[PDB]
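Peer 1: Compact mmCIF, C-alpha atoms, saved as entry-v9.txt, coming up:
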# COMPACT_ATOMS: atom_id res chain seq x y z
CA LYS A 6 21.20 -20.02 4.27
CA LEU A 7 18.35 -18.96 6.61
CA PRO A 8 14.85 -20.49 6.91
CA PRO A 9 12.15 -20.02 4.23
CA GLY A 10 11.21 -16.43 3.47
CA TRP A 11 14.09 -14.99 5.48
CA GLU A 12 16.63 -12.52 4.13
CA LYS A 13 19.09 -10.15 5.81
CA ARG A 14 18.12 -6.52 5.16
CA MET A 15 19.01 -2.93 6.04
CA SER A 16 16.76 0.03 6.90
CA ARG A 17 16.47 2.82 4.33
CA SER A 18 18.12 6.11 5.32
CA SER A 19 19.48 4.13 8.27
CA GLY A 20 22.21 1.58 8.81
CA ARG A 21 20.41 -0.83 11.11
CA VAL A 22 20.83 -4.32 9.64
CA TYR A 23 18.05 -6.77 10.46
CA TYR A 24 16.25 -9.86 9.21
CA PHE A 25 12.97 -9.80 7.32
CA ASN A 26 10.63 -12.57 6.22
CA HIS A 27 9.00 -11.90 2.86
CA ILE A 28 6.24 -14.42 3.60
CA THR A 29 5.22 -13.46 7.14
CA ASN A 30 6.30 -9.82 6.93
CA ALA A 31 8.09 -10.34 10.26
CA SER A 32 11.16 -8.23 11.15
CA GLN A 33 13.73 -8.84 13.91
CA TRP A 34 17.29 -7.93 14.92
CA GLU A 35 18.18 -11.54 15.71
CA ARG A 36 19.37 -13.88 12.95
CA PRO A 37 16.54 -16.43 12.40
CA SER A 38 18.86 -19.45 12.46
CA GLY A 39 22.25 -20.43 13.86
CA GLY A 45 21.75 -28.53 9.71
CA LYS A 46 18.32 -29.93 8.86
CA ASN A 47 17.34 -30.32 5.20
CA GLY A 48 14.36 -31.41 3.11
CA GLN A 49 12.20 -30.56 6.11
CA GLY A 50 9.51 -28.82 4.06
CA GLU A 51 6.64 -27.15 5.92
CA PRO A 52 4.34 -28.53 8.64
CA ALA A 53 1.26 -30.31 7.26
CA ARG A 54 -0.94 -28.72 9.90
CA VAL A 55 -0.51 -25.72 12.19
CA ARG A 56 -2.35 -24.08 15.05
CA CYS A 57 -2.39 -20.29 15.11
CA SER A 58 -4.03 -17.45 17.00
CA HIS A 59 -4.50 -14.04 15.43
CA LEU A 60 -5.39 -10.42 16.08
CA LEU A 61 -7.39 -8.80 13.27
CA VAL A 62 -7.84 -5.07 12.72
CA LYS A 63 -10.50 -4.30 10.10
CA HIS A 64 -10.80 -1.17 7.97
CA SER A 65 -13.38 0.49 5.71
CA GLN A 66 -12.23 -1.76 2.85
CA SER A 67 -12.73 -5.02 4.77
CA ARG A 68 -15.09 -7.43 2.95
CA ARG A 69 -17.25 -6.70 6.00
CA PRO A 70 -16.65 -3.33 7.75
CA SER A 71 -18.19 -4.65 10.95
CA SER A 72 -17.27 -6.60 14.07
CA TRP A 73 -18.33 -7.34 17.63
CA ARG A 74 -16.19 -4.37 18.70
CA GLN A 75 -18.17 -1.82 16.70
CA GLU A 76 -21.18 -1.70 14.37
CA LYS A 77 -19.40 0.20 11.60
CA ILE A 78 -15.65 0.07 10.96
CA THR A 79 -14.64 3.45 9.54
CA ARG A 80 -10.89 3.61 10.11
CA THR A 81 -8.85 3.53 6.90
CA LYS A 82 -6.28 0.92 5.89
CA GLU A 83 -3.39 3.19 6.92
CA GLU A 84 -5.02 3.72 10.31
CA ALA A 85 -5.43 -0.04 10.71
CA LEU A 86 -1.78 -0.64 9.79
CA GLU A 87 -0.74 2.00 12.31
CA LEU A 88 -2.76 0.17 15.00
CA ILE A 89 -1.28 -3.18 13.96
CA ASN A 90 2.26 -1.78 14.12
CA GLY A 91 1.39 -0.44 17.55
CA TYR A 92 0.23 -3.81 18.86
CA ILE A 93 3.33 -5.50 17.46
CA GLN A 94 5.67 -3.01 19.15
CA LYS A 95 3.76 -3.40 22.41
CA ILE A 96 4.08 -7.20 22.25
CA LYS A 97 7.78 -7.00 21.38
CA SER A 98 8.53 -4.63 24.26
CA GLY A 99 6.95 -7.02 26.75
CA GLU A 100 4.39 -4.43 27.89
CA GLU A 101 1.42 -6.45 26.62
CA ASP A 102 0.95 -10.08 25.60
CA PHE A 103 -0.58 -11.40 22.38
CA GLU A 104 -3.49 -13.16 24.10
CA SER A 105 -4.70 -10.14 26.08
CA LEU A 106 -4.52 -7.77 23.11
CA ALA A 107 -6.35 -10.24 20.86
CA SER A 108 -9.12 -10.73 23.43
CA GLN A 109 -9.56 -6.97 23.77
CA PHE A 110 -8.91 -5.50 20.34
CA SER A 111 -9.23 -8.13 17.63
CA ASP A 112 -12.14 -7.34 15.31
CA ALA A 113 -12.48 -11.07 14.66
CA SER A 114 -14.99 -13.12 16.65
CA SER A 115 -12.18 -15.53 17.51
CA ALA A 116 -11.39 -12.86 20.09
CA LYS A 117 -13.64 -14.79 22.49
CA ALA A 118 -11.03 -17.55 22.33
CA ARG A 119 -8.14 -15.11 22.76
CA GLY A 120 -7.55 -15.21 19.01
CA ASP A 121 -7.03 -18.98 18.88
CA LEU A 122 -8.18 -20.46 15.56
CA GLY A 123 -7.38 -24.07 16.38
CA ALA A 124 -5.53 -26.27 13.89
CA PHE A 125 -5.84 -26.04 10.11
CA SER A 126 -4.36 -27.17 6.79
CA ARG A 127 -3.60 -25.31 3.57
CA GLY A 128 -6.69 -24.42 1.54
CA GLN A 129 -8.80 -23.47 4.57
CA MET A 130 -7.76 -19.86 5.17
CA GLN A 131 -7.30 -16.95 2.76
CA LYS A 132 -4.06 -17.42 0.78
CA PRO A 133 -2.01 -14.61 2.41
CA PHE A 134 -2.97 -15.70 5.93
CA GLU A 135 -2.22 -19.29 5.02
CA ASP A 136 1.17 -18.50 3.50
CA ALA A 137 2.29 -16.62 6.60
CA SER A 138 0.93 -19.29 8.97
CA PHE A 139 2.87 -22.14 7.36
CA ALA A 140 6.07 -20.09 7.09
CA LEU A 141 6.02 -19.50 10.86
CA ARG A 142 7.86 -21.77 13.27
CA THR A 143 6.27 -22.64 16.61
CA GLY A 144 6.23 -19.62 18.91
CA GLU A 145 6.91 -17.10 16.16
CA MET A 146 4.71 -14.13 15.42
CA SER A 147 4.12 -12.64 11.95
CA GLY A 148 4.47 -9.05 10.83
CA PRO A 149 1.42 -7.27 9.29
CA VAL A 150 -0.49 -9.68 7.00
CA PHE A 151 -3.09 -8.30 4.59
CA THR A 152 -6.23 -10.21 3.52
CA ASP A 153 -9.76 -9.35 2.38
CA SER A 154 -10.82 -9.42 6.04
CA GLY A 155 -8.33 -6.75 7.08
CA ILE A 156 -4.82 -6.74 8.59
CA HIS A 157 -3.68 -9.51 10.93
CA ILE A 158 -0.94 -10.31 13.42
CA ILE A 159 -0.50 -14.08 13.56
CA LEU A 160 1.06 -16.22 16.31
CA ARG A 161 1.79 -19.91 15.60
CA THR A 162 1.22 -22.03 18.71
CA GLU A 163 1.66 -25.58 17.35
Would you mind giving the structure from this file in structure tokens?

Peer 2:
Amino acid sequence: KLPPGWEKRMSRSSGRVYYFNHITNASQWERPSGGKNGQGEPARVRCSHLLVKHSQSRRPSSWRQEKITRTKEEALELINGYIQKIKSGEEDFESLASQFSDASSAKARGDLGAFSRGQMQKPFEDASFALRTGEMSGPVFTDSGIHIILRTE
């Protein structure tokens, strides 16, 4: 049971049971599903994203700063921080993407418009098509950096 990529898990050195998606890297306390079959994946999706680049990004540079020097671990720490902030309700995805995304799409609040498979980098693509409308991904790693993805359509 459970939608694609989803599996029930438990925290190490902890007992907290939760659900994790191996494709989007998303984690949540709520069970992802409460019967539709042969549904497959959407042929086209619309997603927004928040990208945090690091020194190993295929291009350690963005509109935010001339030279990206933070490491991958530092970027992941920032990504985890944005996720937690969005999940608490303290900040919203759009405002954080507009302010802190190292991607130029920040001017459009992270919105990338609609796309099909074969257009984006594989990891980003895989997470995007495994998301259901309104869902947000966990940390997704690509050559560009680390992203937080939100499917809007």

Peer 1: Kindly give the distance, in Å, that separates atom CA of residue 12 of chain A and atom CA of residue 32 of chain A, rounded to a single decimal.

Peer 2: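 A separation of 9.9 Å between them.
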
Peer 1: With a cut-off of 8 Å, could you pull out the residues of segment 30-114 of chain A touching segment 121-133 of chain A and give me the nearest pair of atoms for each, distance in Å to one decimal, using all atoms listed in the file, ordered by chain and ascending number, as a tab-separated table?

Peer 2:
residue	atom	partner	partner_atom	distance
A:53	CA	A:126	CA	6.5
A:54	CA	A:126	CA	4.9
A:55	CA	A:124	CA	5.3
A:56	CA	A:124	CA	4.0
A:57	CA	A:122	CA	5.8
A:58	CA	A:121	CA	3.9
A:59	CA	A:121	CA	6.5

Peer 1: With distances taken over all atoms listed in the file, which residue among A:89, A:140, A:160, A:28 lies nearest residue 112 of chain A?

Peer 2: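 So, comparing all the options, the nearest one is A:89.
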
Peer 1: Atom CA of residue 143 of chain A and atom CA of residue 92 of chain A, how far apart in Å?

Peer 2: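 Result for atom CA of residue 92 of chain A versus atom CA of residue 143 of chain A: 19.9 Å, one decimal.
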
Peer 1: Between A:138, A:11, A:87, A:52, which one has atoms that come closest to residue 35 of chain A, using all atoms listed in the file?

Peer 2: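 Checking each of A:138, A:11, A:87, A:52 against residue 35 of chain A, counting all atoms listed in the file, the winner is A:11.
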
Peer 1: Report, in Å to a single decimal, how far apart atom CA of residue 109 of chain A and atom CA of residue 34 of chain A are.

Peer 2: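 Between atom CA of residue 34 of chain A and atom CA of residue 109 of chain A the gap works out to 28.3 Å.
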
Peer 1: Compile the contact shell of residue 77 of chain A as a PyMOL selection string: residues with an atom at most 9 Å away, counting all atoms listed in the file, same-chain residues fewer than 6 positions apart removed.

Peer 2: chain A and resi 65+70-71

Peer 1: Let me make sure I understand: among A:50, A:149, A:91, A:144, which one has the smallest atom-to-atom distance to residue 162 of chain A if we use all atoms listed in the file?

Peer 2: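 Of the candidates, the smallest distance to residue 162 of chain A is held by A:144.
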
Peer 1: Which one of A:96, A:150, A:16, A:61 sits closest to residue 119 of chain A if you count all atoms listed in the file?

Peer 2: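 Smallest separation from residue 119 of chain A among the options: A:61.
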